[PDB]
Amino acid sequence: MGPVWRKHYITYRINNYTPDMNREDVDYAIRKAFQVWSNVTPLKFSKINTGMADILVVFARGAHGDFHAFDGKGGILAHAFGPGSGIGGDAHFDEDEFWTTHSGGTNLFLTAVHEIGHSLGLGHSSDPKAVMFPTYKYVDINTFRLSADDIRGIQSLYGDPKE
């Protein structure tokens, strides 16, 4: 067993915004990524604009103060921290990538789903169909669906949705 969030209502805050997409699209990509996970668990996610959030969403480049500097465009696209104190739960997105609403460059939505996965306590999957698979690969975002391995992994930590 690993650490998990100990409450079902979780807040998130977007600390800053990439200039690559407007505010609405960043908000939307992120909201929809949390929704992928709340659809298969009892978890509820909500965006806040002031105060300390459970999960902080940050865009940053190179060294940004957590001992895991980013590596410019390509390579690692983002990273996140599992349920914990302090930094616990935050999701950082390498601002040197080029973030897009679709397949223009690095899809923000798919990346967010992957990273939120980590923020929720999940690790990597060896299943090539899983969102938690270690390698980014674009998939039509209107067709996107968690894999069975993803769902079994997240339900093992939080259970399924209630009646």
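Residues carry their position along the shown sequence, with the first being 1.
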- Item | Residue stretch of maximal mean CA temperature factor, 19 to 27 vs 139 to 147 | 139 to 147
- Task: Pick between 113 to 121 and 54 to 62: the one whose mean CA B-factor in the entry is higher.
- Result: 54 to 62
- Assigned third (lowest, middle, highest) for the C-alpha B factor of residue 127: highest
- Query: What third of its chain, lowest, middle or highest, does the C-alpha temperature factor of residue 159 fall into?
  - Reply: lowest
- Note on the structure: Assert third(CA B-factor, residue 133) within chain per record equals middle
- Note on the structure: Chain thirds by Cα B factor, record data; residue 91 belongs to the middle
- Of the three thirds of Cα B-factor ranks in this chain, residue 106 occupies the middle
